[PDB]
Structures are given as C-alpha cells and as structure tokens.
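Structure, as structure tokens:
Every read-out reported here was derived from the displayed coordinates using simple, explicitly stated rules and does not represent laboratory data. With ideal geometry, Cβ positions are generated from the backbone for all residues, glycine too; neighbour counts draw on all protein chains shown.
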C-alpha cells in the first residue's frame, strides 16, 4: 500500500512472519518514492533535528529491501540496503531501531562476503553495531563466521549449517557457502596426487560423491570417475628446477643498459 | 585514499613518519600485514629524537603487532629497551603466545590488557592476531623439518584435529605463508623446499631487481646532496 | 663501440648471404675456403648463463 | 644440416637407420670422434652424443640450404637487438 513511518508500517509485518506476500509489499513501492524526494532533501546535513524526517525515509526502503531478499534478487536489495546505512550514520548509529532492520543488517554482512569485497565487509562491521541492540539470532551468522574464518578453522565456520535457521537468509548463506567451497577446491589439487574419492568429499566440503563429481570436473580434477589431482600437484613441488635459459634470464641486456648509463 | 597515492618525498621528516604510521595501521585489519609492516618499521625510524617520544611509544605498540601479523615473532629486547617496557609487557606476552601456539594464553591476555590496547588504537589488529598463534607454529615446524605427520602438528599447537591443521595450510598456501602442502597419501604435510639455485638462471633476477631498485635512488643521491650547501652559499651571511 | 658493433655486424652479414645465392643460381665460381669457414660459425652455439651486479655502488654514494 | 638451435644427437636415430644394433652404435660413434668428423663428448646416461664441432665438408646439396636459413635467422636477430641496445642507456650513447 502507501507507506512511510508514523502512519504506516503495515507492509513490513505483511511481507514475511505473517504470511508470504510481496505482491502488495513491493508491487506498491512506486508511490512511496514520491514522498521519499521530500525526506531526502534534508540529510545533506546530518543532525538530530533531521531525525523526524529520517525515520520516515528509512521506512519505505526497509520494506523495499525486504521484498528484494525474498524474491531472490541480490541487486535490488543492494540499492535498498545501502540507503539505510548512511541514514544510520548521522552521529554514527542515530537510528539502530526496528526488527525489520535487524535481518537486513545480518544479510548485508554475508552479502559483502559473497562478492569477496573484503573492504566493504570491514567498513560495515565497524559502522553497524546493533548486533545486541537487535540481539544475536539471525544477525549471529556473519559474526561467528568472521571469527572462525580469520582463525582458519573451517570446520568451526557455522556457515554450512546456517542454512537451517533463516528469516529468508538461506539464499545469501548458499552463495557465500559456494565461495568457501571453491577456495578450498582449487588449492587441494596442488596439494596432493590421486587420493580416495571419500577423502576428496570430506575436506572438499561436499555432501555426497555425486556432488563432488560434477563440482571437481569444472575445476579440472576428476574429469572422469578417477581422480586427476595428479596433473596439478606435480607442477608445484620442484621450484628450483627450470632452465629454458635465455627465456628465463629475461633480457640481461636491458638491466645492463640501465646500469651503465650513469657512469 | 592509500591506493591512489604513492607519496612523493618533498615534505619534512616528521610528516613522513606520521604518513607511514597512519597507512600501516589501517591496511593490516584487512589482512595486509605484508605492506603494512614495511611502513611501520620505516615510521619508527623516521621520527625525531626526544620531542617525538609520545608519538613514538604509540607507533612502537602498533609495530610489534603488524610485524607479528606477518608470521614473524618480533625480538624480545625491543619491548624491553625504550623504557615504556611496562606498557610493552602485554605486547611481549602476545609474542610469546604466538611462539608456543597455545590459544589459551593468547585469548586471556587479549581481554585483560584490552583496555590498554583500545587506547593505543591497536585493538582492531589484535583480534586478527588469533590466526597467527597457530599459523606461526606450523610454518616454523614445517620449515625446519620438512615431513612431519598431521597428528604431530595437532598436539603441539593444541588444535582440535589433523583436519584442523590441514585447513590452516589450505588458506595459507595460495597466499604463500606456511608454504607447504598436505599429502593425505598417509597424512603428512610435506614442504615444497629444495636447494641448488646457482645452476639455474634464477639468482641473476634476484640481484637484477635489487640493483634496478637501488639505481633510481643513486641518481637521486648525487642530485639532492649538492642542494643544501649551495642554498646556504646563495644565502647572504655575516 | 657496442652500439656500433651491432650495426657493423649487420653490414658484413648481408654480404655473406648474397655470396651464397650467387653460387646457387646467377652462377659464380666457388671459393672453397669461404664455404668451409661459413659452416664453422653456426656449430659452436651454446645457451646463456648468469652475470649480475650487487647493491654496493649505492652505499658509498649515500655516505657522501 | 637440420638443427640451428641444438647440435646434440641421440644414438637411437643411427640405430634404426642403419638397422644395426644399439650396442654397436655407441662403439661406432667413438670411431667417428677419433677420425675427427665430429669433436665433442658422449654422455651415455643421457643417451646423447653432443657435438661441440662439425668438420668442414666440401659443397653438398643439403648444406648450402641450411647456411642460408641460419644467415636469415641471424640478420633478423641482429636488427631486433640493435633497437634494444640503442633504446636504453641514453646519456652515454653519443
């Protein structure tokens, strides 16, 4: 419907954790824009006076954000999410309110990580703290993951089991998971030669040998029903053996010419 | 801002030290311990004498942490010598925790001294150091003795599993830190290392970059040298 | 002298090839010595190795 | 004749050609070096006889063709290389 705080928030509640809808809570989200032009003509200067206007601003864009996550469209979510953050920063978290902001916040953290935009991830980590204002249930998933992922205990991650508890998080968790699986998958090839199928499912973060066969094949190992780790592995181990000679010397003439000129 | 800039050399020595300290600090959080260490080490050295002392101590706190982050275990005398030894005392303890590979000392220190660390500004880096505690220990042992069983590394660090160790090696290898590989043919970590580089062209390169790097500085050395006595001779004196 | 050397070699090198052509066709009498010497040049070939310079030049200069 | 770039030969080539056993070729190759058709060393464990040098030979049909080919490779390299040598070290170049 038409929404903007102080007189509406109907759609936030109607969107999920009541019944599934986005056919009212994102289909009608084009007329909310017209009040938004007014609201956004005021946080040019970020002051406490601007608050009143600022909460109404956020309200459409919280409903906006919410429709995008359920719909499974990452770009729409990103435009909506980004606004809420600058609208927190007006004495740094002036608005850390609403539990229809809570989910977004956690989602934003995992979102940054899936892209493997490391800079943005840290920027958000510091900007945000409302991880106990809105309390650790779904927001906990990126937090646990940061500690584990930095420590290098991949086992501990709580991202290959953060699929089961979800607000509508399950989608984000899955793309981020796929990124984790790849990172390990290329490395393991270099690591060792033809190892068991079972061993190659275990620490490849796979669920079955069938998932491993298809996933391994794209990567360049296990093209057949027999491991082909061996091509990759053998290349890495001797670093001190390689003489194409003239090719490797890399133009001795150039370095010499740079050197001679001064004297 | 850091990426865009290279930073030229015309600006005084005090200001350079301020530029390096700030740069070093921010980069390290991301896990760019490598670039940041270089700046910080230059920073300490760039500062003035006695007037500098208050900035110098803050820089000395950050410096142990950035060099520790790399996979190095800084020298114990360094903490001792400035006469801010007391403040330096938790930083030394963090270094010791990294040596042994034990989590338990590292985690308790981080909290207790956390009030003092926050003040320096170092605290954000200090959380990233947890990874290093186990990482430094495994690279030290593998470098020294090439082939060791997965079971042996797990006990030493106080890791959960032989898997837990293999995953440390997996994150590292691509970056190149630990620089070894896991062979689950029997379950050992095997180091890449070999030696006899002088029957290969590869040393000529090592030297070649070193000289190129030096060279641009040599032209600069001759040039800069003459300038200040000449300014003084041009200036009128009594 | 080194820059010029390369240019010298090129000027000399062209002649050797035209002489070989003349014998082939555009008939010219073979001076046996020349042919014998030519073949010798190509056989000695090896590939290159090492040679590099130190950081030392800079150190002195910095001292000044 | 055939290699500009290399000058080493395997034994096995001779062996098939001659249709004479492997044991004999190593011995034949030794006689070859003693006459002075070729000078070099023989490395048994690599299965190569490496020629440091080849004896001059009176004009042959195969020969004349190889010399031209090698002179062409040579001209081209010297022109490429001339540009590198000239291009760098500007201040002494006069």
At 7 Å along the Cα-to-beta-carbon direction for both residue C:36 and residue A:76, put a label point, then send me their distance in nm to one decimal.
9.1
With Cα coordinates, the longest principal axis of chain D makes an angle with the long axis of helix D:61-87, in degrees rounded to 10, of 30
Report Rg (one decimal) and Dmax (nearest whole number) for region B:1-89, counting Cα atoms only, units Å.
13.2, 39
One computes Rg over Rh for region A:1-82 from alpha-carbon atoms, with the Kirkwood Rh, and obtains 0.98
Over chain B, what is the relative contact order in percent, taking alpha-carbon pairs closer than 8 angstrom and at least six residues apart?
12
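Grab the Cα-Cα distance for residue B:227 and residue B:4, subtract it from 0.36 nm times how many residues apart they are, and report the gain in nm with one decimal.
77.3 nm
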Under the rule of -39500 (n - 2.57) per DSSP H run of 4 or more residues, summed and divided by the residues of chain D, what mean residue ellipticity at 222 nm is obtained, to the nearest 500 deg cm²/dmol?
-17000 deg cm²/dmol
Ranking of A:87, B:21 by count of other Cβ atoms within 10 Å, fewest first
A:87, B:21
Under a 10 Å cutoff between Cα atoms, tell me which one of B:217, B:64, B:148 has the largest fluctuation in the Gaussian network model of chain B.
B:217
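Report Rg(Cα)/(2.2 N^0.38 Å) for the protein assembly as shown, keeping two decimals.
Ratio of Rg to 2.2 N^0.38 Å for the protein assembly as shown: 1.36.
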Classify region B:38-99 as rounded, prolate or oblate from the Cα gyration tensor: take a ≥ b ≥ c as the square roots of its eigenvalues, call it rounded if a/c is under 1.5, otherwise prolate when a/b beats b/c and oblate if not.
oblate
Square roots of five times the Cα gyration tensor eigenvalues for chain C, Å
45, 15, 8
For the pair residue B:53/residue A:156, report the inter-label distance in nm, with labels modelled 7 Å from Cα in the Cβ direction.
4.2
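Highest first, please rank the peptides A:236-243, B:225-232, B:118-125 by the mean number of other Cβ atoms sitting within 10 Å of their residues.
Highest-to-lowest ranking by the protection proxy: B:118-125, A:236-243, B:225-232.
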Just to be sure I follow: if Rg is taken over the C-alpha atoms of region A:167-216 and Rh is the Kirkwood radius over the same atoms, what is Rg/Rh?
1.04
Percent RCO, i.e. relative contact order, over chain A, from Cα pairs under 8 Å lying at least 6 residues apart
11
Run the numbers for residue B:220 and residue B:199: contour at 0.36 nm per residue of separation, minus the present Cα-Cα distance, in nm.
4.0 nm
Looks like chain B, by Cα gyration tensor root eigenvalues a ≥ b ≥ c and the a/c under 1.5 rounded cutoff (else prolate when a/b is bigger than b/c, oblate otherwise), is oblate
Dividing the convex hull volume of the Cα atoms of chain D by its residue count, what figure in Å³ per residue is obtained?
164
Which value at 222 nm does chain A reach when only helices count, each DSSP H run of 4 or more adding -39,500 (n - 2.57), with the total divided by all residues and rounded to the nearest 500 deg cm²/dmol?
-16500 deg cm²/dmol
222 nm [θ] for chain B, helices only, -39500 (n - 2.57) per DSSP H run of 4+, per residue, to 500?
-22000 deg cm²/dmol
Any chance you could give the angle, 0 to 90 degrees and rounded to 10, that helix B:162-175 forms with the longest Cα principal axis of chain B?
30
Burial ordering of C:23, D:49, fewest other beta-carbon atoms within 10 Å first:
C:23, D:49
Counting pairwise Cα distances across region A:168-263, what percent come out greater than 22 angstrom?
50
Taking the simple approach of a point 7 Å from Cα along Cα-to-Cβ for both residue B:96 and residue D:46, what is their distance in nm?
5.8
Taking 2.2 N^0.38 Å as the expected size of a compact globular protein, what ratio does the Cα radius of gyration of chain A give against it, to two decimals?
1.40
With Cα atoms, 0 to 90° folded angle of helix B:13-27 axis to chain B main axis
20
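When a/c is below 1.5 the answer is rounded, else prolate if a/b is larger than b/c, else oblate, so apply that to region B:107-215 with a ≥ b ≥ c taken from the square roots of the Cα gyration tensor eigenvalues.
oblate
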Across peptide B:194-204, what mean number of C-beta atoms from other chains lies inside 10 Å of a residue's C-beta?
6
Return the Rg/Rh ratio of region A:208-263 with Cα-based radii and a Kirkwood Rh.
1.41
For Cα pairs less than 8 Å apart in space and 6+ apart in sequence, what is the mean separation divided by the residue count of chain D, i.e. the relative contact order in percent?
25
